[PDB]
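Written out below as structure tokens is the structure these notes cover.
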Amino acid sequence: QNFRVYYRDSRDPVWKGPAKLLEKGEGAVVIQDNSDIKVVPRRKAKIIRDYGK
Amino acid sequence: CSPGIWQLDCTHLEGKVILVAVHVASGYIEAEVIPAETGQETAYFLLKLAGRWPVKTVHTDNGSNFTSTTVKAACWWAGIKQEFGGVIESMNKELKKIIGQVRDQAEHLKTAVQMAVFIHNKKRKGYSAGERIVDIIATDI
Amino acid sequence: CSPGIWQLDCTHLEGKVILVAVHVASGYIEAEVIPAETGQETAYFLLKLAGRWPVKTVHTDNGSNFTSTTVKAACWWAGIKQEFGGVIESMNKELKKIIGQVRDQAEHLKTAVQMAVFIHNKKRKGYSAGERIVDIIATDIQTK
Amino acid sequence: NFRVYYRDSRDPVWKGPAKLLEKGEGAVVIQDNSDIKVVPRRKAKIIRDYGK
Ligand SMILES: Cc1ccc(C2CC2)c(-c2ccc3c(c2C)CCCO3)c1[C@H](OC(C)(C)C)C(=O)O
Ligand SMILES: Cc1ccc(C2CC2)c(-c2ccc3c(c2C)CCCO3)c1[C@H](OC(C)(C)C)C(=O)O
Ligand SMILES: [Cl-]
Ligand SMILES: [Mg+2]
Ligand SMILES: [Mg+2]
């Protein structure tokens with residue numbers, strides 16, 4: 001049902017998120033974190049759904 | 001008190017970090033000695049806890065491990081609501097008291113922690129905390 | 001099946017040792033990745049399990065971690081009878097299937113293991129295994 | 001009262017259970033099968049009677 005995206009940015013090893021999933025491509029995910037739209041390589045993003053709800 | 005509500009906190013003995021979870025309505029506890037007081041260790045603990053019980057809300061203080069992104073991810077995936085900001089603090093003290101009573105029976109602190117958890121959960125007040133959590137959950141199915 | 005009976009066994013993925021406990025009457029499981037397939041790791045797992053549930057009998061094969069003195073000491077301290085001698089084996093396979101389904105969602109194998117345990121215990125067949133173990137044990141308590 | 005597992009003959013496998021007879025500060029007097037043994041504290045595991 002619903003997805004949130006957690007991701008890593010510019011060198012920063014801290015995970016960021018939740019961000020809104022805008023679009024999923026083969027190599028990148030487009031997300032919105034608060035007020036910034038970001039294009040994130042798939043390998044640096046985890047798209048997590050609210051499985052237990 | 002709702003059957004889905006848990007409090008978690010960390011306490012410390014012998015330089016080691018003990019992560020404790022209490023089921024608020026029963027007093028039932030679970031605890032683990034973790035190697036570092038990090039979000040990733042806390043998130044892993046939460047995933048285990050959520051697979052055993054119907055965890056709906058987890059109340060903690062604002063410790064940086066509890067506000068970490070990996071804990072947010074764990075809670076999101078498991079369906080857990082986080083609330084921030086003294087049942088668990090009384091439990092920490094009680095758990096450390098039992099640990100002290102049994103400590104010289106084991107080499108490892110973690111062994112004494114689990115013996116103390118068992119002693120706490122099995123003691124009848126007259127139901128034990130371990131009986132009460134199962135009674136409360138079952139009746140709420 | 002009696003409410004107190006558990007089966008334990010180790011299984012392996014990615015060179016890691018996964019210790020699995022199944023409550024036979026419900027199908028509920030708990031599992032942990034342990035650093036070595038040893039008696040001391042098995043004894044510590046059992047002490048944790050016994051503090052959560054009313055463990056009366058544990059059934060295992062004859063693997064040397066299950067017949068070790070540390071495990072005998074844990075079982076004596078906690079009041080657990082051991083029996084030696086295919087619920088858990090079927091459960092190992094099911095757990096591995098779910099782990100394989102979710103494995104690419106996590107960096108660490110242990111994370112996938114606990115995700116799989118959750119998926120297994122929360123699935124409604126109409127009760128889930130997590131609901132059944134709690135109902136079975138509560139009924140025992142409430143009627144004594 | 002208590003129960004004792006112990007190591008002695010340069011063997012890392014824990015032995016026991018033995019009967020506890022005395023808990024010294026440095027050593028433990030136990031009986032195992034029919035032998036009286038005196039073991040240093042660090043080679044003994046003295047566990048109070050809990051569980052059953
Ligand atoms: C290593 C790591 C880094 C970041 C993240 C999250 C993106 C912010 C996670 C993580 C945390 C919780 C969780 C899930 C994951 C993917 C998947 C769904 C179930 O809940 C992990 C995770 O490892 C543990 C030890 C659990 C933190 C892993 O193995 O990948
Ligand atoms: C290190 C060690 C070596 C031997 C033993 C037993 C003598 C054969 C134990 C042991 C095993 C089970 C157990 C208890 C102990 C003391 C105490 C009562 C509760 O059940 C331990 C123990 O460590 C774990 C990780 C649990 C194996 C420890 O910390 O001393
Ligand atoms: Cl793309
Ligand atoms: Mg705190
Ligand atoms: Mg086996």
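Each residue's number is its place along the chain shown, starting with 1.
Per deposition record, X-ray crystallography, 1.7 Å.
Cβ from N, Cα, C; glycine included.
According to Swiss-Prot, the feature Mg(2+) 3 binding site maps to C:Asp9, C:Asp61, C:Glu89.
Taken residue by residue with DSSP, C:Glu89 (Mg(2+) 3 binding site) is part of a helix. Think of the gap as 8 residues with no coordinates, bounded by C:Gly85 and C:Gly86; the Cα atoms of those bounding residues are 10 Å apart. Comparing local CB density within 10 A for the binding-site residues C:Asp9, C:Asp61, C:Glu89, the maximum falls on C:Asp9. Here the deposited model leaves out 4 residues, and the two residues on either side, C:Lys125 and C:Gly126, have Cα atoms 5 Å apart.
Take the mean position of the Cβ atoms of C:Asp9, C:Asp61, C:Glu89, the recorded Mg(2+) 3 site; other residues of that chain with a Cβ within 8 Å of it are C:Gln7, C:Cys10, C:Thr60, C:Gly86, C:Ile88, C:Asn92.
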